[PDB]
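> can't give you the sequence, but here's the structure:
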DNA sequence: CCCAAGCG
DNA sequence: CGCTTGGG
Ligand SMILES: [Zn+2]
């Protein structure tokens, strides 16, 4: 059961591991906590995705369309409008 | 110049 | 953890 987060980007310095394009400050982003090959030195760090790019990879990231949004830690803290958009985007 | 939030 | 850099 890989663990997931959802939040508004704290900054514009993070990069979407999907499209490899930088995410903008304030933009809704999703993460799988997960060791990096490069820095196993680091333990379980966040890998961030555009919700779209995330969705592209539900399988490879081990997303459980069953449980749904509830499984994204922090999902409840989002604007109602934003909460909605995701529910839709979701398997 | 400065330095800790942010990220990786 | 250590580095880069937003935000002073
Ligand atoms: Zn992306």
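Looks like it arrived, so ask away. Numbers count the residues shown, from 1 in each chain, chains lettered A, B, ... in the order given.
> contact partners of stretch A:43-58?
A:5, A:9, A:14-19, A:21, A:23, A:27-36, A:39, A:61, A:63, A:65, A:85-86, A:89-91 (Cβ atoms under 8 Å, 6 or more residues apart in numbering). (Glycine included, C-beta is placed from N, CA and C.)
> does that stretch come close to DNA strand C?
No. Using Cβ under 7 Å from any atom of the strand, stretch A:43-58 stays clear of DNA strand C, coming no nearer than 7.8 Å.
> residue contacts, the spatially most central residue of chain A?
Per Cα atoms, centre = their mean, the C-alpha nearest to the average position across chain A is that of residue A:30, at 1.5 Å. By Cβ under 8 Å, 6+ apart, the contact set of residue A:30 is A:4-6, A:48-51, A:54, A:72.
> and which of these is nearest to residue A:79?
The closest of the contacts of residue A:30 to residue A:79 turns out to be residue A:6 (Cβ to Cβ; 11.6 Å).
> Setting aside sequence neighbours, what's the nearest residue to the closest one?
residue A:72 (4.1 Å; Cβ to Cβ, 6 or more residues apart in numbering).
> gap between that neighbour and residue A:39?
Distance from residue A:72 to residue A:39, counting by Cβ to Cβ, to the nearest Å: 24 Å.
> more neighbours, the two?
Taking other Cβ atoms under 10 Å, residue A:72 and residue A:39 do not tie; residue A:72 has more neighbours (22 against 9).
> quick one, phi psi at that one?
Here is the backbone geometry of residue A:72 (degrees, to the nearest 10): phi -100, psi 100.
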